[PDB]
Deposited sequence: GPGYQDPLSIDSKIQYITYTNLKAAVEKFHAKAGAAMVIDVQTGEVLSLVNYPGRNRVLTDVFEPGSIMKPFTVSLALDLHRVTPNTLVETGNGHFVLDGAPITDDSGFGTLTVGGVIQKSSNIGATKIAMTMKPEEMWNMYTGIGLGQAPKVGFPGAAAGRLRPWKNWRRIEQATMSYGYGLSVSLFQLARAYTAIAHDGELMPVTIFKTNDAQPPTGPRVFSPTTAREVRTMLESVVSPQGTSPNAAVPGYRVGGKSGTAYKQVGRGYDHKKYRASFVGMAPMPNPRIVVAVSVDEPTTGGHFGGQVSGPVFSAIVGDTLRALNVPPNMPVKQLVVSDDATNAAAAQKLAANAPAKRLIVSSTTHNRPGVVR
């Protein structure tokens, strides 16, 4: 507990672990830039906060993409619009809504709500989203801290962009259900995922140590049962049947979600100019840490292709959990 690093929450070991892994990744994939951070789930304390090279973690905003799907599902579970076993028809991977096309990376057919998170189905997210009102979803976005600049002592923290809900066309509700047409910082996403980690409670995320006397507390964004169920689904993502098996951590149960943001061109999107982000938590089912990683405009994918962030999450999570003397919870 107490030591010379007090009263900052940043652990020199975890910060160093976070810096070597992120920097190694940015260099190995000849990327423009990277950001990563670790949050203690029980306290909302930031254990590490790393940019390689300026503070883009707090300043840079992007379309979160598929990282938003667990929050689409979180809300739908929490409003009793679906259960984890509810069936969602995604057919052949091509669907049309108000004349706009929505596409999966393949034809997943009949998925469960869990299946939609595991396979990262845009079509599945959209159809779950269509069971809810814009206002309901905007309130949840606002409840998890989106559209609001974090107050952590850093002037110029980005607020990101959230269209007001009374302006939402049904197709924007769709795009937002799979993380397009809103912008967030990596910091906002890390904080938002603490609400899934901490059984539905949004923890204040702080660079200062909290008191055991008056433990930190936050708004109840989701029921605890909602949060455990999304945690089971995040774990399914990093199985052989999920889209992010490259996030798996030898020795530990982990769960997380990947997303991709492409360079906007006013109305279109550029080719191979993208941002690979990953947010998760470990060990499951009761996480100690949330870890968020973002690698901007990588150019040498190698064996990982576009999914370059998952293995950086993996390395930081194992090193950090070892550094915390957390015992392996997996064979």
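- In sequence order, the deposited residues that have no C-alpha coordinates form the ranges 54, 333-374.
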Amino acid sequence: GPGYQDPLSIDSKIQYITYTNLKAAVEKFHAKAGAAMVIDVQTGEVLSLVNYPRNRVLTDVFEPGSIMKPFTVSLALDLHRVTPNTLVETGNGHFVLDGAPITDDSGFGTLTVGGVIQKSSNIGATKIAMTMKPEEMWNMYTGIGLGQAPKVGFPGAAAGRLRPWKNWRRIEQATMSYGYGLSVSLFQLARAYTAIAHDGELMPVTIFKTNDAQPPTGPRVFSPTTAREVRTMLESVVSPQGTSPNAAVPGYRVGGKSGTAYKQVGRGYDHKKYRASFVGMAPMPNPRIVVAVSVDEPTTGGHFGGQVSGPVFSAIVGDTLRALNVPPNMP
From here on, numbers count along this sequence of modelled residues.
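- The stretch with the higher mean CA B factor, choosing between 91-99 and 208-216, is 208-216.
- Per the PDB record, of the two stretches 290-298 and 271-279, 271-279 carries the greater mean B-factor over its C-alpha atoms.
- Out of 257, 170, 198, 127, it is 170 whose C-alpha atom has the highest B-factor in the PDB entry.
- Highest CA B-factor among the listed residues (223, 188, 194, 232): 223.
- Among all modelled residues in this chain, the alpha-carbon of residue 143 has a temperature factor (C-alpha) in the lowest third.
- Placement of the Cα temperature factor of residue 53 within the chain: highest third of the modelled residues, per the deposited record.
- Sort the modelled residues of the chain by CA B factor and residue 247 lands in the middle third.
- When all modelled residues of the chain are sorted by CA temperature factor, residue 308 is found within the highest third.
- Sort the chain's modelled residues by C-alpha temperature factor and residue 7 lands in the lowest third, per the entry.
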